[PDB]
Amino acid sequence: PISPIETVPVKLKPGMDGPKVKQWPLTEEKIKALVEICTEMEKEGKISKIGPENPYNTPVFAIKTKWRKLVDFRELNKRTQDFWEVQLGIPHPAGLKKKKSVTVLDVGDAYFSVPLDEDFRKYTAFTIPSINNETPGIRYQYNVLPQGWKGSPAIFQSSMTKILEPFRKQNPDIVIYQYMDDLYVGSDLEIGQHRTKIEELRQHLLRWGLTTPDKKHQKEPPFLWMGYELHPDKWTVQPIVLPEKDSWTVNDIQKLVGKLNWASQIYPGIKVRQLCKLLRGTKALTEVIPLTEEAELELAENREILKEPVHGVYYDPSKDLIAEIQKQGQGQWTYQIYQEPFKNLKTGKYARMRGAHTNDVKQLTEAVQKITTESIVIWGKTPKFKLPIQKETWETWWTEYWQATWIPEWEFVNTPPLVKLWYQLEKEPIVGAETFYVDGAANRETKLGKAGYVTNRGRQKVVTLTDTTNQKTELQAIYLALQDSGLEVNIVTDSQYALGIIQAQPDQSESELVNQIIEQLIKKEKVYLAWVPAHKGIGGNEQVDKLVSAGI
């Protein structure tokens, strides 16, 4: 058929005229096949012959079984307007509510069953050439949404939306899911009444030009859809086969990572940190990458988790979501969402470094936030969290930290490792504690560092780095004061850079120097850190800068 639904108006881009693309002389087999195909199409209202007055053309090609008509709509697509995004997201099985009866309905020739805007049809012109282009070709133009046209997906959706609306109003019980050609219907009413409800829908669809499967042709659960398996009261990913290989290429490791990431929607504890590290440093697609011991370790542990199948449950609106997060590995986190203890609706993981330096409390918040968005998207609400961190620990951090941070309802859960602040800078300077005035120069051109310090206990020391930025030396100088110092210490710098970095209480860094400074900071009993303006002539900062500056 072709829906009676009024066509959606369709402009070209404001400055643009329609395509005048030359038809390439095609071969007889092809020229024949097109004629043949265009006949049957024409006689069903899909296309219509036209005069020589219409100046527009788009290439047509034919390809093998079978013969297919391919229109090269590239130039028209450039010239037609932008449409609104079809969808913001794809549904997630975990969001799907449980229903007694559920039917899948795919629309037949979905695009060709929808009319094109009369005023636009002229632009969809294309010509079947005559043999050796000796004579005027046969000229056609679409009355319906063409395959490969920019606007087909949007217009179709719109059409199907408009069409379903009244049914939705007349049947606010029935859950209808819209996705591409398909239409997924579900209800709690009994297997008799459903099959009638399905039929009056199929009818309503037929009344608006939309063919649909007979009950002998409707599929049965499990539904294999978009990577998942949707069973009558559970869901899962489709089978995952982690290849057994001697030598792994870059290509093999990418596909492995990709499969594991897919796996991690319902399979807890999946990890990819070490497999990922391999991929860095643009190697060749087919280049073999020896597995590290940590990669090999990681793969092994992923295989354990996957060995026995895991399934997920469907959503029940009459219950709260509960989100649980576990730390596992520096950088890596893993979470599970359920409503009844350990019957997971879904599962996931979070790695992600926000910046160069961070700590677990910061990472835990970041992961809670990611999970909060996810839930709102999937279930339209946020879950109750259960976190491996003390209220008292969290309290200490957020209040003293300069960023605004916040997380909704949550409870502590003792599921080690536990997130803890590994050190705490003092709030006041420390009596009976040597004040190290640190400083760090670096000659811009020569790169020769001169990181050192002076102290109130008399001590004075300067070293020499090589190939270091001024950041690096000012930061090396602090590691210097942390190395040569006791279990208490006041450190004075004129580098805000280092100050900010350290006041964030990092427990993890992309820098090497910083991880060494963290090591020290953890071991000390009391560190206090202060800042001053350089070159304003400060007692201590001037003394250090002297020995530190010697060398252009």
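Position 1 is the first residue in the sequence shown; the rest follow in order.
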### Message
Please classify the coordinate gap between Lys43 and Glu44 in terms of deposited residues: none, 1 to 3, 4 to 9, or 10 or more.
### Response
none
### Query
Per the PDB entry, which option out of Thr334, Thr466, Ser264, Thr365 has the greatest Cα B factor?
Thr466
### Task
Go through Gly148, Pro383, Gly192, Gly380 one by one and give the residue whose Cα B-factor in the PDB entry is largest.
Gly192
### Query
How does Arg303 rank on Cα B-factor within its chain, lowest, middle or highest third?
middle
### Message
When the deposited Cα B-factors of this chain's modelled residues are ordered and cut into thirds, is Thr212 in the lowest, the middle or the highest one?
### Response
highest
### Query
Relative to the other modelled residues in the chain, which third contains the C-alpha temperature factor of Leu513: lowest, middle or highest?
middle
### Query
What third of the chain, by the recorded C-alpha B-factor, contains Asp173?
highest
### Task
Taking the values exactly as deposited, rank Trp398 by C-alpha B-factor within its chain and report the matching third: lowest, middle or highest.
middle
